[PDB]
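Structure 1 and structure 2 below are two forms of the same protein chain, each written out on its own as C-alpha cells.
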Structure 1
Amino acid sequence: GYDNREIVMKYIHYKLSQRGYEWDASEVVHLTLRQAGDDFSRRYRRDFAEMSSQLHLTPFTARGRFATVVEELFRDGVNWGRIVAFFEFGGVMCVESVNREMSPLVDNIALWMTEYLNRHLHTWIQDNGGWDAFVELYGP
C-alpha cells in the first residue's frame, strides 16, 4: 500500500504514455493496477467507445463532470472493481484533455483523484485489507 498520490501519478503517467504522451510528474501495487486497468479496458473497449464524446470535456465542464461521475459511481458502495473503473475513468479524462488541447488539466485530474482516494475511499480500502488485499485478489 502506502501512498495514494504516487499510485495515481504512476497510473496516469502509464495511461498517457500508452498514447505516446509523456507527462511531467512496493511496485507490485502499481503493476497490479496497470494489469487490472488494461484488462478492464480490453474487455469493455466497445462498451465505452463513445465515452470521450459523451464526456464533452472543456475547462468549464471538467471538475463538475468528474464530481458527478465519481460521486455517482460510489454512491451505493465501494469495491475493487469500481475502484479500477475509477482509475480508468481518470485515465480517459486525462487522455481526452490532451486531445482537446487542455493538457494542463491532467495535473488537476490527478489532484482530484488523489483527494478523492484520500478523503472518501481511504476508509473502505483500509477496512478491507488495504492495497495488499487488491494485490492478492487481482495480481500475481
Structure 2
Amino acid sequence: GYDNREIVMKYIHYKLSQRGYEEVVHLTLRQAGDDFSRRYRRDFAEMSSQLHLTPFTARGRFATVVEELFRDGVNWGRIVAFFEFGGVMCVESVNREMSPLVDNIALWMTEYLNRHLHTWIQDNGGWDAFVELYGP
C-alpha cells in the first residue's frame, strides 16, 4: 500500500464510473467497499439521502460525518466506511452539477488519511495487513 493520494484517486474514479461518470490494495479496498454498502444497506441509503450538499456545506458535511465515524477509534471496517462515505459524497457532487467538489473531497480524504489515520494504519501492519486479512 503505497501513496494515500493514489489510493483515494483510484477509489473515487471507480465509484464515479459505477454511477456513469468519467494493485491488490486497490482491488481489495474496492471489493471491501462494495461488500460494506451491501451489508449495511439501510445505513448506506440513509447516508446517500442525508448529505444535502451545497457548494458551501460540503466541507462541513464531510467534517461532521468523519468525526462521528472515528469518534471511538480506528479499525479496518471504519476505514472502509470512510472510503464509501467519500464515494457517496463524490457521486452526489457530480449528480448536483458540483463536480469540482470531487477534487476538494479527494483532498479532504487524502489529508484525513495522512494526518489522522496514518499512525493507526502504520501500527497495524499497513495496507499489506489489510490485504493479508481481506484480500485473495
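Here, a residue number simply tells you its place in the sequence of structure 1, counted from 1. So that the term is clear: the rigid core is the largest set of C-alpha atoms that superpose within 1.5 Å between two forms.
Check: Can you tell which of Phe48, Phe86, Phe74, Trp80 moves its Cα by 2 Å or more between the two structures, with the two forms laid on the rigid core?
Finding: The listed residue whose C-alpha shifts by at least 2 Å is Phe48.
Checklist line | Value in Å for the CA shift of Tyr116 between the two structures, taken after the core is superposed | finding: That residue's C-alpha is offset by 0.2 Å.
Margin query: Given the rigid core as reference frame, how large is the C-alpha shift of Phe60 between the two structures? Answer in angstrom.
Written below: Residue shift at the C-alpha: 1.1 Å.
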